[PDB]
Amino acid sequence: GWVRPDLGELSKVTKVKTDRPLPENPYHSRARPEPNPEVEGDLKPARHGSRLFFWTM
Amino acid sequence: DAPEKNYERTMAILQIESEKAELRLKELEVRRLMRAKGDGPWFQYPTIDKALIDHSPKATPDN
Ligand SMILES: CCCCCCCCCCCCCCCCCC(=O)OC[C@H](COP(=O)([O-])OC[C@H](O)COP(=O)([O-])OC[C@H](COC(=O)CCCCCCCCCCCCCCCCC)OC(=O)CCCCCCCCCCCCCCCCC)OC(=O)CCCCCCCCCCCCCCCCC
């Protein structure tokens, strides 16, 4: 009583019901480094300008 | 000019230039620390963008 599969059927992506748990860390990765702090706050003008040796702006 | 005017104008000049000098010294120390530690917004040299990684199931499982 076995029916041979049609062209296209064995290449389908199927769904599988398993009782084993999903691997939470399959790459066995350690903790990622903490990122650098982002920029935040309002952008105020430079205090007394460029401060390049004698320029006042 | 009155001596009062030149005196207090000198005080305004001295305050501005002392504040600029303190900011230059702080700028040198900030640049030194950020180049040494790499934890600031400056001296951030590029690494590879992780958004380029394909996370799809590959042809072989062990990857
Ligand atoms: C309500 C809305 C309307 C409001 C309107 C208000 C205005 C009404 C009047 C309109 C006109 C305003 C003009 C601008 C304001 C005055 C700027 C000024 O004098 O700054 C003083 C500036 C600093 O003095 P200060 O006492 O501390 O500040 C006074 C103000 O608070 C200065 O203010 P500050 O603190 O904000 O200044 C900022 C900063 C102040 O400066 C600094 O922070 C210090 C660094 C300055 C630069 C130093 C460079 C050193 C190496 C190069 C040397 C050059 C060679 C000399 C010139 C060779 C001959 C051409 O300036 C700069 O960074 C700009 C660089 C210098 C250019 C100055 C403006 C020139 C405009 C006209 C150009 C014509 C040719 C001029 C000669 C070319 C060389 C400049 O003086 C100098 O550095 C000495 C040089 C003098 C500058 C030029 C004078 C401008 C007028 C010239 C007219 C005659 C031209 C003759 C024919 C052409 C030449 C053959």
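Starting from residues that are of a type in the set (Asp, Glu) and more than 13 Å from every other protein chain (Cβ to nearest Cβ), keep the ones in segment A:17-40 and report whichever is nearest to B:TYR45 (Cα to Cα).
Across segment A:17-40, the extreme among qualifying residues is A:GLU24.
So A:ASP6 clears everything in (1) away from every other protein chain (no Cβ under 12 Å); (2) within 16 Å of the ligand (Cβ to nearest atom); (3) charged (D, E, K, R) except one condition, right? Which one?
(2)
Got at least one residue in segment A:21-30 being without any contact (Cβ under 8 Å) to a residue 12 or more places away in the chain, within 16 Å of the ligand (Cβ to nearest atom) and hydroxyl-bearing (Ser, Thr, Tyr)?
no
Return the pair list, or none, for Cβ contacts closer than 7 Å from residues in segment B:40-54 that are assigned to a loop (DSSP other than H, G, I, E, B) to residues that are loosely packed, with under 10 Cβ neighbours inside 10 Å and aliphatic (A, V, I, L, M), at least 6 apart or on different chains.
B:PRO41/A:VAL39
List every residue pair whose Cβ atoms sit under 6 Å apart, with the two residues 6 or more apart in sequence or on different chains, where the first one lies in segment A:37-57 and is within 13 Å of the ligand (Cβ to nearest atom) and the second, anywhere, is of a type in the set (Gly, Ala, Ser).
Close Cβ pairs satisfying both conditions: A:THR56/A:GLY49; A:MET57/A:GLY49.
Does segment B:1-36 hold any residues that are among the charged types (D, E, K, R), exposed (fewer than 11 other Cβ atoms within 10 Å of the Cβ) and over 24 Å from A:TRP55 (Cβ atoms), and which are they?
Answer for segment B:1-36, where residues must be among the charged types (D, E, K, R), exposed (fewer than 11 other Cβ atoms within 10 Å of the Cβ) and over 24 Å from A:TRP55 (Cβ atoms): B:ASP1, B:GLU4, B:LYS5.
Restricting the search to segment B:1-50, which residues are polar (S, T, N, Q) and within 12 Å of another protein chain (Cβ to nearest Cβ)?
Residues satisfying the conditions are B:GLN15, B:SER18, B:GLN44, B:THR47.
Values quoted throughout were computed directly from the atomic coordinates according to the rules given, and no laboratory measurement underlies them. Reconstructed Cβ throughout: ideal geometry from the backbone, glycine too, with neighbour counts over all protein chains shown.
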